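Report on the following structure.
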Number of protein chains: 2
Amino acid sequence: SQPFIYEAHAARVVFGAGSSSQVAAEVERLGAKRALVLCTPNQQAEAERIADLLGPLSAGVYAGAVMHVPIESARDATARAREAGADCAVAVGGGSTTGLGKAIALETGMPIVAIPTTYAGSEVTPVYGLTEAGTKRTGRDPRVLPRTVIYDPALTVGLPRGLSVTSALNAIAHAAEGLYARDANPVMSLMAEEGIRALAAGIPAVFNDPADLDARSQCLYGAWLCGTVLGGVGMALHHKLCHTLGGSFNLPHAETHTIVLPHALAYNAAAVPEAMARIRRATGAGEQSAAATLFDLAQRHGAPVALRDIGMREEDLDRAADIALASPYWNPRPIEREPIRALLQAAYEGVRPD
Amino acid sequence: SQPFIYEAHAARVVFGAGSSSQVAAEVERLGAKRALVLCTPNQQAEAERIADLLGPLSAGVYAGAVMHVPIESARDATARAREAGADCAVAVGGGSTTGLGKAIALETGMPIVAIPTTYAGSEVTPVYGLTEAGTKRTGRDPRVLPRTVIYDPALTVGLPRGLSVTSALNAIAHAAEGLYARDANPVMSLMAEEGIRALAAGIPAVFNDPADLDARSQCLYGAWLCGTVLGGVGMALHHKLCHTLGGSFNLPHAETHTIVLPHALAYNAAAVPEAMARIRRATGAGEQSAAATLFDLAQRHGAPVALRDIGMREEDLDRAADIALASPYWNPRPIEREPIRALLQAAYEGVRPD
Ligand SMILES: NC(=O)c1ccc[n+]([C@@H]2O[C@H](COP(=O)([O-])OP(=O)(O)OC[C@H]3O[C@@H](n4cnc5c(N)ncnc54)[C@H](O)[C@@H]3O)[C@@H](O)[C@H]2O)c1
Ligand SMILES: NC(=O)c1ccc[n+]([C@@H]2O[C@H](COP(=O)([O-])OP(=O)(O)OC[C@H]3O[C@@H](n4cnc5c(N)ncnc54)[C@H](O)[C@@H]3O)[C@@H](O)[C@H]2O)c1
Ligand SMILES: [Ca+2]
Ligand SMILES: [Ca+2]
Ligand SMILES: [Cl-]
Ligand SMILES: [Cl-]
């Protein structure tokens with residue numbers, strides 16, 4: 001019963017198997033006449049189906065989305081949008097594709113329709129990212145928040161078995177830290193816990209059958225709730241450290257989240273037992289720790305659990321601990337060198353937390 | 001997982017004991033320079049405290065709000081606003097005061113800051129009502145949605161023992177029908193169930209001590225969630241029938257919802273077992289039906305459970321049934337005269353549902 005200020009962003013979310021077939025209707029609803037479809041080179045097939053659904057509303061497909069939105073990709077995409085007379089951007093892909101859409105919207109003001117194909121949750125946050133001279137700069141601007149999100153679990157069926165797990169833990173991370181945010185509120189916490197519950201149940205169902213559209217729906221729904229928590233309350237240690245590892249050492253995004261989460265939770269656990277108890281309840285932990293339970297959820301379904309396995313040099317951990325301590329931020333427990341360095345060593349080695 | 005389209009209004013909600021002290025900042029935040037405070041003649045003391053907190057931002061207090069927003073109060077209030085040069089209205093009170101505020105916003109476009117003191121939930125719906133030539137017509141329009149809502153449980157301490165119960169059941173009714181709405185969605189249902197849970201626990205706590213600020217927070221929190229469901233999904237038999245009874249027979253509002261809800265639930269129960277299971281879970285029903293449990297929640301806490309106790313004439317029941325069947329609207333179980341008339345007989349006499 002502590003006071004709070006709740007803010008909800010305007011949102012329009014179209015959800016269900018086959019929903020991507022209504023893409024033209026959603027562009028028309030925005031009053032847009034020339035929508036540019038965005039994707040990575042690996043998702044051109046999906047992008048083409050979207051472009052075909054748009055028919056004469058299509059401004060073409062720009063298939064150069066790239067991880068962490070290099071500022072020169074943002075420029076190139078925006079140039080193409082301008083050249084096509086685009087008045088709308090339709091992002092078909094994961095966090096990186098949404099991110100290119102966000103960059104175009106940042107420079108042009110045009111609406112974005114997001115069609116997410118991972119569990120990253122970027123489609124519902126006002127946070128954008130640009131990588132310049134190797135370092136990712138992020139900011140917040142309502143302008144980058146997609147006007148409409150179309151969640152179609154059919155587009156996640158082919159999400160590979162690995163990323164389906166690791167992106168799912170990335171989403172759980174948003175919710176886990178949301179529960180202990182300095183600006184936590186009951187509504188965000190309600191959605192946080194439900195999001196964790198949905199993903200915790202969906203990971204094994206999807207792992208057993210990646211073509212199960214109900215299991216896929218349950219994960220996408222969880223991803224939406226998690227992303228909503230990310231967009232509404234402040235993150236802390238886990239997200240900051242993942243940014244450090246990803247940005248300073250080029251570690252793959254979802255996998256870094258997956259490996260770090262249990263150790264970031266172990267670090268903060270003593271400080272926020274109420275949030276931990278909610279994470280445990282939502283993950284079916286029983287008497288187990290939140291940390292151990294999330295570790296097992298990753299491990300049991302084939303995700304890597306050691307930074308060693310995703311390209312982190314053991315010899316860079318000392319530097320990683322220094323960078324983790326460089327730019328201060330609020331966290332429930334103080335960020336100190338030694339225990340951060342020990343968190344990093346345990347994450348490196350893939351030690352199951354107690 | 002069945003498909004849906006979730007739309008959400010931008011929202012700002014300041015919640016907690018003492019939040020009404022922030023009213024001046026909330027008005028400046030909207031860019032307004034002259035807020036007219038609105039209330040019923042019974043709540044002028046609280047309006048004055050608000051007008052004083054507004055200091056130089058105060059355009060004064062209009063103390064003429066009335067049940068079901070008579071069109072003349074509406075026009076008079078607007079005049080006062082207009083002659084004050086007000087660019088903002090602060091509604092301090094229950095649904096009737098929020099209503100006047102909605103009426104002024106409908107006409108002039110000015111922002112409303114809602115400071116609710118009952119559990120009706122109007123503060124978060126786009127529905128407005130006007131009474132003209134003794135008959136109340138409603139409509140919907142985003143323009144009537146308050147830009148900011150300030151929930152201060154200290155302003156509900158003096159909500160009388162009777163209305164505290166009946167208003168709370170009016171709130172529960174919104175969540176209950178929201179759980180079986182044709183356009184039900186998982187987020188609205190998550191809030192619906194949470195709303196019912198808060199109010200089911202809060203009613204007896206408030207009954208035990210009306211000055212208990214935690215009990216009062218719990219109720220107001222529940223009211224907000226239930227109001228949000230009321231504004232996001234379609235209601236059915238319960239709300240339609242209450243509008244008929246209140247409108248055509250001039251029955252007291254909160255009392256009518258309270259009396260009708262168990263019987264509208266009993267009518268629908270067999271069509272929507274899953275929604276009934278969530279209602280039973282949220283109300284601690286155990287093996288009892290939702291209908292019986294909500295009847296008991298009213299009765300145990302001294303609310304009326306028979307329309308006869310609030311002035312309905314038994315000879316008018318046939319006409320109420322006629323009006324209840326006047327136009328076909330969607331409801332999970334088909335609306336048919338014989339079982340509707342029997343529902344009315346049961347509500348009229350206060351027969352506890354099985
Ligand atoms: N701004 C924010 O609020 C926010 C939030 C979360 C993530 N992000 C950012 O998003 C990026 C991470 O995004 P991500 O983890 O979604 O991965 P990604 O967008 O970088 O996708 C990784 C690869 O998977 C492929 N892929 C994605 N969905 C697929 C599908 N369903 N079927 C087949 N292949 C598919 C993509 O084409 C890509 O090649 C990072 O840059 C991260 O920082 C930003
Ligand atoms: N538009 C919508 O979505 C919607 C939803 C619910 C109700 N309503 C409308 O609201 C009206 C009824 O609302 P209501 O049930 O809030 O009652 P009310 O607003 O009519 O209040 C009843 C009486 O109780 C007093 N009161 C209210 N709060 C008090 C407090 N905290 N302490 C002491 N006295 C207090 C009021 O001054 C008034 O005299 C109806 O006209 C109904 O249709 C509209
Ligand atoms: Ca070595
Ligand atoms: Ca060092
Ligand atoms: Cl724990
Ligand atoms: Cl039941």
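When the range B:174-211 is examined, which residues are found to be away from every other protein chain (no Cβ under 11 Å) and outside any helix (DSSP H, G or I)?
B:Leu179, B:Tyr180, B:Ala181, B:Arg182, B:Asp183, B:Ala184, B:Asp209, B:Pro210, B:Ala211
Got a number for residues in the range A:325-354 being under 17 Å from A:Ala271 (Cβ atoms) and either outside any loop (DSSP other than H, G, I, E, B) or in contact (Cβ under 8 Å) with a residue 12 or more places away in the chain (or both)?
13
From the residues in the range B:144-154 that are in a helix (DSSP H, G or I) and within 14 Å of chain A (Cβ to nearest Cβ), which one is nearest to ligand 4 (Cβ to nearest atom)?
Going through the qualifying residues, I end up with B:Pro153.
Check off (1) crowded, with 24+ Cβ neighbours inside 10 Å; (2) under 23 Å from B:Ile310 (Cβ atoms) for B:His238 and give me the number that stays unchecked.
(1)
Please find, within the range A:202-235, the residue that is surrounded by the most Cβ atoms within 10 Å (Cβ to Cβ) out of those that are of a type in the set (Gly, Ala, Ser) and in contact (Cβ under 8 Å) with a residue 40 or more places away in the chain.
If we take residues in the range A:202-235 being of a type in the set (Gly, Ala, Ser) and in contact (Cβ under 8 Å) with a residue 40 or more places away in the chain, then A:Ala223 is surrounded by the most Cβ atoms within 10 Å (Cβ to Cβ).
Scan the range B:245-278 for residues that are under 16 Å from the mean Cα position of the chain (by Cα) and part of a helix (DSSP H, G or I) and report the count.
Qualifying residue count, the range B:245-278: 12.
For the range A:41-143, please list each of the strands (runs of 3 or more DSSP E) lying entirely inside it that holds at least 3 residues being small (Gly, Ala, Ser), under 28 Å from A:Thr166 (Cβ atoms) and in contact (Cβ under 8 Å) with a residue 40 or more places away in the chain.
Qualifying strands (runs of 3 or more DSSP E): A:88-93.
Pull up the range B:103-126, narrow it to residues that are within 11 Å of the chain's Cα centre (by Cα) and either over 27 Å from B:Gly158 (Cα atoms) or within 14 Å of another protein chain (Cβ to nearest Cβ) (or both), then point me to the one that is farthest from ligand 5 (Cβ to nearest atom).
The extreme case among them is B:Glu123.
For the range A:283-305, enumerate the residues that are under 20 Å from the mean Cα position of the chain (by Cα) and part of a loop (DSSP other than H, G, I, E, B).
Scanning the range A:283-305 gives A:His301, A:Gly302, A:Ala303, A:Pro304, A:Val305.
Taking the range B:1-28, which residues are surrounded by fewer than 16 Cβ atoms within 10 Å (Cβ to Cβ), over 17 Å from B:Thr117 (Cα atoms) and among the small types (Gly, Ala, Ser)?
Correct list: B:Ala10, B:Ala25.
May I ask you to say which residue of B:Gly162, B:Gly158 is more than 16 Å from ligand 1 (Cβ to nearest atom) and closer than 19 Å to B:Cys242 by Cβ?
B:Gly162
For the range A:72-102, give me each residue that is farther than 23 Å from A:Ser20 by Cα and either among the basic types (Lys, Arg) or touching a helix residue (DSSP H, G or I) at 6+ places or on another chain (Cβ under 8 Å) (or both).
A:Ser73, A:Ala74, A:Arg75, A:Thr78, A:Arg80, A:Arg82
Only the coordinates and a few stated rules stand behind these numbers; no lab work does. Here the Cβ is made from the backbone with ideal geometry for all residues, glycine too, and neighbour counts use every protein chain on show.
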